[PDB]
Number of protein chains: 4
Amino acid sequence: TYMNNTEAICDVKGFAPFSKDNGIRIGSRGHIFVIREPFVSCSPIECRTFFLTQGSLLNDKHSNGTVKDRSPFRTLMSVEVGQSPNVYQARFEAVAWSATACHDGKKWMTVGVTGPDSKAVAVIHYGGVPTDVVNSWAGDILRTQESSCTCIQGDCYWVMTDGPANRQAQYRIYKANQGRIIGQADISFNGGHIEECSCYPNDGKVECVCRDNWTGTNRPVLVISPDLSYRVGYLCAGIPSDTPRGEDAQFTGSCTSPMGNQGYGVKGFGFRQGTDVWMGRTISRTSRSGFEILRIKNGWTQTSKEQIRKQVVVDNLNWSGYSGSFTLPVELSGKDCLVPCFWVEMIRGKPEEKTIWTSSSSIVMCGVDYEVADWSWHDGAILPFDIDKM
Amino acid sequence: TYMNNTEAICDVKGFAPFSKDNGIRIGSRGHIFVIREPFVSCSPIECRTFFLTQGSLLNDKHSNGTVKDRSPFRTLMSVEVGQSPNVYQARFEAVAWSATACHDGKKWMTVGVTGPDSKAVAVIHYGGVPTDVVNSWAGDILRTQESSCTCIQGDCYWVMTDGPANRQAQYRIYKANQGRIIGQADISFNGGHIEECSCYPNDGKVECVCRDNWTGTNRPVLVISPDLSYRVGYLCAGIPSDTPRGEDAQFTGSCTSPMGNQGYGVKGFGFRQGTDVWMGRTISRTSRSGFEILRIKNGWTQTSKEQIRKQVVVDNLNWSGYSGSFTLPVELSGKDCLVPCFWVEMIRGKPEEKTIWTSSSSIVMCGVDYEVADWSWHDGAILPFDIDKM
Amino acid sequence: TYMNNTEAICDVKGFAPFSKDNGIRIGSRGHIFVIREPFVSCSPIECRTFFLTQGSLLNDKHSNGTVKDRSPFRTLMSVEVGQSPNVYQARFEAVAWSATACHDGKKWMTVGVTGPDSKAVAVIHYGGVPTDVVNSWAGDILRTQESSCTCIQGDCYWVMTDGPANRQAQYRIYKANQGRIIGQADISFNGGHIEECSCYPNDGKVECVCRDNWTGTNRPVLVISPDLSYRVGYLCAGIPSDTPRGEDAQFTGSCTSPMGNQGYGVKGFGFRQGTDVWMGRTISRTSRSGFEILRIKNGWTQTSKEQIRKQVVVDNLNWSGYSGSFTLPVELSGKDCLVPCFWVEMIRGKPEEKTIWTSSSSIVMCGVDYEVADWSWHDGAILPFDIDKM
Amino acid sequence: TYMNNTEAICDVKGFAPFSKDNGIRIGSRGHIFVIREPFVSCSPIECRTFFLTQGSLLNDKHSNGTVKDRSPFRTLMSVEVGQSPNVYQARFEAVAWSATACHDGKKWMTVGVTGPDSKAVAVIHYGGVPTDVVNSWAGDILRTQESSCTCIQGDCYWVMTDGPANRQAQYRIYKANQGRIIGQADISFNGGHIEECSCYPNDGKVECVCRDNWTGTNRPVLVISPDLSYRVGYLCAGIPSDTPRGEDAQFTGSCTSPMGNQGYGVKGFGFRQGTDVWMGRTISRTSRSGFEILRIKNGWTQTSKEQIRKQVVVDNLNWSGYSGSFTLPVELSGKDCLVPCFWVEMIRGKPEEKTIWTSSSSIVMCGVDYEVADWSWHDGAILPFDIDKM
Ligand SMILES: CCC(CC)O[C@@H]1CC(C(=O)O)=C[C@]2(SC(=N)NC2=O)[C@H]1NC(C)=O
Ligand SMILES: CCC(CC)O[C@@H]1CC(C(=O)O)=C[C@]2(SC(=N)NC2=O)[C@H]1NC(C)=O
Ligand SMILES: CCC(CC)O[C@@H]1CC(C(=O)O)=C[C@]2(SC(=N)NC2=O)[C@H]1NC(C)=O
Ligand SMILES: CCC(CC)O[C@@H]1CC(C(=O)O)=C[C@]2(SC(=N)NC2=O)[C@H]1NC(C)=O
Ligand SMILES: [Ca+2]
Ligand SMILES: [Ca+2]
Ligand SMILES: [Ca+2]
Ligand SMILES: [Ca+2]
């Protein structure tokens, strides 16, 4: 049976902890994959953690993490959420140095992108087998969400980018059923930049909060209809939520265009709440460190600077990283709305820490009807590791 | 289908061994979690061992167990009873430095408490996802059973405490269906102290034997009706069963109030048997060492000092620890009553042993219609470990 | 649905390899249990390997195998046949320093015996939970098959012994349904000695070939009817098949009493074939080394010395050990008879080899309609191990 | 339900990556089997990787790979495709130093060959148990596909060879249902040599592209009908695809007989495409290094030298090895044709590399409707390993 996923997102006053994997602490002695970009998507049965593998293990020489991001050894695999990305619980997903995953109620559909930068190929798996393909259409590092895709009434949608990572690139919306491409669309967005979208279903559409890696310290926003007509622009909120970025005092909002005039960025997320928004961001303005989530009254529709809530999940003395969105399917939560949730990646190792490798663990939070106290569920592993003195 | 769990507990003459996990012996070379407080609860299919994880492994530096009990790295996970708490068989349950778990016949409901001491949050999972929340209502280390909760006809009940660990605190009874809170109650118990309840179903109610960590060397007792009306007080039996405590000769019973005038304590259990009781306790009066279980004729209802049975499962030359109760569901045992069972935790390491860490394994016993010979199924691992000489 | 298991055993011309686990070779670097006495029993779905665990791992100090056979750390666990007894595939079965297992078509019933030598307790599990108990009735190391038990039309039967291991002891037949004891019987066998029976179903009865550890170099034989009436005596065949034993030339057969006038022994097996028998035995007359299986025309019913077939599975330059019987259930083989099969244990370490430990792996063979060439599927691990130089 | 597998193979313009296991990289620190000859076959649910095990682990002394190919320790086991051949995900299949596997829609049928060179035995498993046997009929290393067998409407077929590996040998076609042999056939092929067939279903027959290890640098081809009538000969294409072999310029095609006049060879594959063929081959003419796949217009039926496509999956600076064919079952792909796919083995260690061992990993590719860019998904592990300096 297909998941409807046509409900509204739940109005939430705060976030409760779902899971923490302790991959890197466990990785001190256990067999764990070196990873970046874990992420959660949920079937009507379970939410799993997907992750990019470097073909290697923590505390092993192959954890030489100075051997490429887009290496030919990168695979997407997955475990049940909370479990660590260890070999022996891992289920294989796709060859991918960039991926997205989601479930339509019957099976899982993943998308793996591998191949060379000049002509990358994206394989679409469904039910555990390749079913369709998307080639690079712009010749420059084809890529996608690095977070959960979205399924509504049997059709799944996701966002892909092909082009420069720091200038005008090209941005596309693909749509598929049972692992088969059935519609696509170009996104007209000149001056704007779209990367690594975090999407979710809301009111029978797909809402996406992504990353401007060109000139925007605010976040591009995408709203996709089943017919692949769309609205796109920036999260109206008068508070910047990318990293890096400047102070809140020095920033003015926009619905239409990028603000802050800064490059780089980090993958992040946001949740519409009527006209309000929950926006995650690192505590540091300059470092992938700390993590907080702010509610902004009318942040979805106005240049609002009205902060009505604020919750911390990673204190600023600790390393953060990527963040993305997913929903609790109705069939699991038992709600009449879509429970909004997020994961936060915690990167350890290079560049900031003095070791030969780089990996990450995660914690997962989920929207509740209550204000939840600030705390820090940081990664916690002690650096450097054994092979760090080799 | 919901488990009725409205039957009476079986009258038992003794206890037979269910399982022993050998986690720590196995942990010498295998990948095992550092743990405290394992415990058993059973679905209509299997009984699992739940446990608190320190985010770390035996024989690894992160087993630095001088890094907090209520650390942000503590998760509840579970394996099938008898299996060891190893990474690769572990199923993730909740973020929790204190937990309880139980099954209602359809799914598992766990409760994880994490967050800071001043404002702890308890997440209630059901079917593998967060469904409801309980915040700290008294600002002081919110906490609960550390043993199996109880389900009757679809509604699950458990006991929580918020307050001082060595003085008057506050004590609450929560009740839930399908992971959703549907009723709660304050327990009026002035002069008394309730901690870490071991409960079970009996005659369609929840009977709880808990821990007085204030002034009681006898055990507080709680009897909960579906409507959350209750009786509470102390196990009548004229024999003390907490640790520490004084000699039996020097002790007088009470139904109403604490006796022995001593602080501290250890989590323990007891089983009503008509008017009699089976009470577990450490053999030592002063040490978490040895473990025995006594039947006291009319110990549930009178100040009786009539010891009619006595069985040993851990001899006094060996380390014990926590103990708790659960029942064999009818659907598994094939009985017309509820088979009473217990687990016993066996703590190795600090404080008593000379190492850098502390963990534990368990053995599980189950009520039978026969007198069963005394023996010792002690932990058995050899201390210190490799990383102990580091 | 209950397995009928009322068919006849297949007439077989030889034996084909089912599985080999390589536990000890794999145990050089992997996490494997130290074990003795693996054995196979089959459900309508899978045949598993059961085994006794020492609570410890190969290549670890706890593999100090100078720490008792009947230690309080011994558990029965199981994996799918062919897999090695590693921690992470292991399913927990019972606390047991001696065990038996079998399936009735709906669930598994195991029997674990633990407790002290003077008053041992046998726990009977069914569906993963304790259901009934047998206490020591003779005060002297209560024990049983160390091989698969037998189920016919829902009732399972097995053989137990309580008494001296080298003189007249007592021998009992228990019978159970759904994990509940429903009939028992004493075996009158004066001058005879019964140990470690290898049984199977044949023509709607249970046939058992066991071990005389008193004075017999031939094997005691037991035929059990559903009503627990029985015949017992010795395998008629005029060839001895225990270890140790003397030469074949120097031996005369018996149906009634023990022959060879030698003590000790080793667990072994045999399969009726009309009036003939397949009998396994070590190649050495004095060592648990090599392994062969002989067909003796009319060996089941006469003092025959007519060797009509001979097949080798372990050459004499290699170590053998225990052997036992089981059948392929009809539901798996697709035959109209019961396919006879056996496992052979391969003991490495003390006493014969120079190491600090003792474990074993197995190979499994199964009766076919063809003559199968001799070979040696020996254990193959290289002794001593790492911890052997410690 | 039986898989029809009577459809035509899909016309494909290129190949997309299915999976890569990284076994050897992972094997640096994890517990992985030493293997040769992995291969894929698919059930209606999953495609698994089968592999030959040396009874040992990477980075362990038993990885002494100077201890025989046809050792008594070799077992076939399997994991889900993409997963690595690690112990803890491994499912046991058969005792085999040469194997084939396939699924008929209800269960798996494997075939293990073990025993001595002079009289080898092949065991046929079905549903996890031995069901039938094939003895050596020519006394000289009985053997088979080392790749997926084929099932059509419930009957499975595969090819076996018994005889000299470098001269005229004997070649047989076996056919079975539910694990039971129901028809066989001798292949008349004088002057020709058949080894290690890679087969698939196509138009309701079994097409096989195999290996001439006698005098052929082109590949023998076999087309089998349900009645075991057959055509056999050589892949017509005017381009040689074995290793070793000479230059393409120096080669003339044949449908009937071997060409190139060279010995040795390597297991390979090919896919009919109407009258065209996709043929895999190593890039090197003399080394098991690099890997490419060529489409030859009318290569199936004519001496064509018309190269219309060319795709690289392993660049020539890297080691390749065996390759074989399988199909995506309709029930998984959702196509109306049979999706053609292949795996490529990547051998590391002896003979070419300076270590004490030899193993391999794989990548899996699958036919798509699009031209897919060349790349190299090579093995990637760094040689030598730890035990390499021992
Ligand atoms: C601008 C975003 C993309 C574009 C290549 O780059 C990702 C940046 C990045 C980071 O930590 O910031 C990690 C990466 S690495 C990777 N495998 N996935 C990522 O998201 C970069 N993405 C790719 C496809 O290489
Ligand atoms: C008085 C009981 C509680 C109250 C905090 O303290 C537990 C004591 C204790 C022990 O071994 O005795 C172990 C602890 S540590 C833990 N994670 N669980 C426990 O039961 C303490 N409980 C908490 C929530 O910290
Ligand atoms: C005479 C057979 C029994 C009687 C105690 O002794 C077993 C002998 C033995 C061996 O290798 O020969 C191994 C033992 S050790 C064990 N756990 N299982 C065995 O079969 C012995 N049995 C017991 C219950 O200790
Ligand atoms: C000529 C092909 C066969 C005939 C024995 O030999 C195989 C050659 C070979 C290789 O790498 O080329 C690997 C082997 S080793 C093995 N276990 N499987 C193989 O395919 C050889 N086959 C056998 C049954 O020994
Ligand atoms: Ca930016
Ligand atoms: Ca106390
Ligand atoms: Ca004897
Ligand atoms: Ca050749």
# chains A, B, ... in the order shown; residues from 1 in each chain; ligands from 1
call {"tool": "residues_near_ligand", "arguments": {"ligand": "ligand 7", "cutoff": "10 Å", "atoms": "only C-alpha atoms and all ligand atoms", "output": "ChimeraX atom specification"}}
result
/C:166,193-195,210-220,240-245,258-267
call {"tool": "residues_near_ligand", "arguments": {"ligand": "ligand 3", "cutoff": "8 Å", "atoms": "only C-alpha atoms and all ligand atoms", "output": "PyMOL selection string"}}
result
chain C and resi 36-37+52+69-70+74+96-98+141-144+146+164-166+195-196+211+213+264-267+321-322
call {"tool": "interface_residues", "arguments": {"of": "chain D", "to": "chain C", "cutoff": "6 Å", "atoms": "only C-alpha atoms", "output": "PyMOL selection string"}}
result
chain D and resi 55-56+60+72+92+94-95+115
call {"tool": "write_last_selection", "arguments": {"atoms": "C-alpha atoms", "output": "compact mmCIF listing (two decimals), in the first residue's frame"}}
result
# COMPACT_ATOMS: atom_id res chain seq x y z
CA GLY D 55 37.97 -21.47 5.54
CA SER D 56 39.93 -18.39 6.57
CA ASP D 60 45.14 -13.93 9.56
CA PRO D 72 39.09 -29.54 1.99
CA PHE D 92 26.25 -21.30 4.57
CA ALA D 94 27.70 -26.10 0.49
CA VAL D 95 31.09 -27.74 0.79
CA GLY D 115 36.09 -34.57 -2.59
call {"tool": "closest_residue", "arguments": {"among": "A:128, A:351, A:204, A:299", "to": "ligand 1", "atoms": "only C-alpha atoms and all ligand atoms"}}
result
A:351
call {"tool": "residues_around", "arguments": {"residues": "residue 163 (chain D)", "least_positions_apart": "6", "cutoff": "9 Å", "atoms": "only C-alpha atoms", "output": "JSON, numbers by chain"}}
result
{"D": [138, 139, 140, 141, 142, 169, 170, 171]}
call {"tool": "write_last_selection", "arguments": {"atoms": "C-alpha atoms", "output": "PDB file, in the first residue's frame"}}
result
ATOM      1  CA  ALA D 138      35.721 -39.021 -15.876  1.00  0.00           C
ATOM      2  CA  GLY D 139      38.052 -39.165 -12.874  1.00  0.00           C
ATOM      3  CA  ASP D 140      39.625 -35.721 -13.314  1.00  0.00           C
ATOM      4  CA  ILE D 141      38.592 -32.672 -11.256  1.00  0.00           C
ATOM      5  CA  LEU D 142      34.820 -32.559 -11.777  1.00  0.00           C
ATOM      6  CA  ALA D 169      37.919 -33.003 -21.744  1.00  0.00           C
ATOM      7  CA  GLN D 170      34.336 -34.134 -21.282  1.00  0.00           C
ATOM      8  CA  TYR D 171      31.387 -31.733 -21.031  1.00  0.00           C
TER       9      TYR D 171
END
call {"tool": "atom_distance", "arguments": {"atom1": "CA of residue 342 (chain B)", "atom2": "CA of residue 158 (chain B)"}}
result
17.3 Å
call {"tool": "atom_distance", "arguments": {"atom1": "CA of residue 311 (chain A)", "atom2": "CA of residue 292 (chain A)"}}
result
5.7 Å
